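Just the one chain here, the form solved without the partner chain, laid out as structure tokens.
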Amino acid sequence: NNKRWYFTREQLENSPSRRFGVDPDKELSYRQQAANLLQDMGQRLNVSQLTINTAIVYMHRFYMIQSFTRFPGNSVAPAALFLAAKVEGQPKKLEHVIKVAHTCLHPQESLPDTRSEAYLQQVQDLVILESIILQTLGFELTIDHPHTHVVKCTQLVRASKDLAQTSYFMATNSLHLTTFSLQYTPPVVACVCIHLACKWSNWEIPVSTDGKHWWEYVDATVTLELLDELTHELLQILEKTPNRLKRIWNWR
């Protein structure tokens, strides 16, 4: 429905994973870890960030229903990406995804003979898992991403290519590092992204002639008290993430 995949804070704390004794902080790592695995595979498999993001969202929702203690991120992530790639028009072959997921989780090991049975199984497992992801998501595989609205947000502030790129950066990273995709609609997340991208670049946008703030043309429900509340949380976890801010840090 319209609110089936959006949760409260009280709901995120009482996650399926919490119910099996996984601390609140570990669940978050577990998520981030899956995100990273998706990104690493996604780049080797030569698919788009759009696909990777769709996969990351599948993974997020999936773990609002299933628990990490029954489905390990390193199993779900590849199946999730296998699915996203089909959905977003960039299908990758089942054997191709297994191949890549392997060298990602086992940089050292060598790929079993694609004739063995221990391989024929890990192929059946992926397929099985993709089925479980579909059923879990109830076949809602059409995902809206904050990125879509970033153009529309940054078009307003007439920001440089630079503030734009940075805003997308914030977008993608919010998917990796936070559970925003589970709490706030894309257009709101998009605002949070631009807002923080501005703070970071020191960019300041003047109030318009109407007297309205830049973000009211984006979502009726967005308020400065929220943007500051969110961009703080987002910035915090970005500071905890090694080498991440460096990518948008002005070194001049």
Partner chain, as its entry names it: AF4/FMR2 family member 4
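Residue numbers count along the first chain shown, from 1.
Just so you know, the form solved in complex with the partner chain exists too; it's not on screen, but the next bit is about it.
Proximity of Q236 to the partner chain in the deposited bound form falls within the 4.5 Å heavy atom cutoff. At a distance threshold of 4.5 angstroms between non-hydrogen atoms, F180 is out of contact with the partner chain in the deposited bound form.
Contact annotation for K161: at least one heavy atom lies within 4.5 Å of the partner chain in the deposited bound form.
Under a 4.5 angstroms non-hydrogen atom cutoff, the partner chain in the deposited bound form has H232 among its neighbouring residues. Judged against the partner chain in the deposited bound form with a 4.5 angstroms heavy atom cut-off, the residues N202, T209 and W214 are in contact without exception.
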